[PDB]
Structures are given as C-alpha cells and as structure tokens.
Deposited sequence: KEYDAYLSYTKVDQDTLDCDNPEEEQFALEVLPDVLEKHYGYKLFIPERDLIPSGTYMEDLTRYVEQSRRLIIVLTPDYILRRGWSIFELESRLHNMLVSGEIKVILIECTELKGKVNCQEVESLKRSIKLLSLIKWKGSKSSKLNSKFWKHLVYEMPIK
C-alpha cells in the first residue's frame, strides 16, 4: 500500500466546465496539497504500454482506496469498465478488499445508464456515496470535503 487512493475519472475532448474543473484539477489538488494524501492518477503517473492492464491492477492493489468520479464523460465512456474487465479487480470490489468512494457529480437521468450504474453499485461491497452539489461543494472545508476526508484513510 503505497498510495492512499486510486483516482478514476474520464476526460473527453470537446458538458459542464465546473464539473470537469473539479474532477481534473480541484479534487486531486485539494486531496494532495491541502490534506496531504498520496494519489495514483493513471493519466499522470502511468505511461501506457504493453503491460498497461497488469500495471493498473498492481497499482490498484497498492491503493488503500478507490475514488470514482461520476461525471457525464465517465458515464459516456463507462470508465468503470476496467474494474470489471480484470478478474482480480472485480474480485477485490465484490469481496470488499478495497473501499470504493463514488462521487456523484450528475444525476443518472438516462434509464440504461442508471440501471448499469446500479448494477455496478451492487457489485461493490464497501461503497461510499458522496454527492457533489456544485460550486458550494468545491469550497474548502465544506460538508462535501469533511465527508470525503473522513472516508479517506488516516
């Protein structure tokens, strides 16, 4: 366990700017610089290679938490699919070997998407739901941040 949490998010090229800004820079920056947590971010710390899947698996095993940022882009690309594609990660999620922190940034209005995400929720044993209200939640020392920090290790 070398990392406090594994950050899972999706970025799609050019639909709300505040959501993307919170998911890509504010969330990691506040978790690492202000609170001192150590996060593994694939798009920052891992270079894609032929061992990409095995590398991601190993990094998840070395992470004390799994943060999933539920943005519209994440739903579009089904950014959670990786954790279901690899058997080891799937077993870790369903058997409760790693705690998952699901950050709800949008409402699952879509029927099919809502059903799929519900099936994902039931597939996780240790699941913590935190709603991101918006600009109020991004403010430092807000209810959102206290909740998230409590769900974090140490």
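Missing from the model relative to the deposited sequence are positions 15-19, 160 (no C-alpha coordinates, numbering from 1).
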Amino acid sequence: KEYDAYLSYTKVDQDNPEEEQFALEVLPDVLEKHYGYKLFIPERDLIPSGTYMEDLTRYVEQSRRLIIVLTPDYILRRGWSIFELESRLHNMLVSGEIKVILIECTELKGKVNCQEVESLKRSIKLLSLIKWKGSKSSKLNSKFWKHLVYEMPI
From here on, numbers count along this sequence of modelled residues.
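For the pair 45-53 and 125-133, the mean B factor over Cα atoms is greater in 45-53.
The stretch with the higher mean CA B factor, choosing between 104-112 and 27-35, is 104-112. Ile154 sits in the highest third of its chain by CA B factor, as recorded in the PDB entry. Looking at the C-alpha B-factors along this chain, the one for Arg88 belongs to the middle third.
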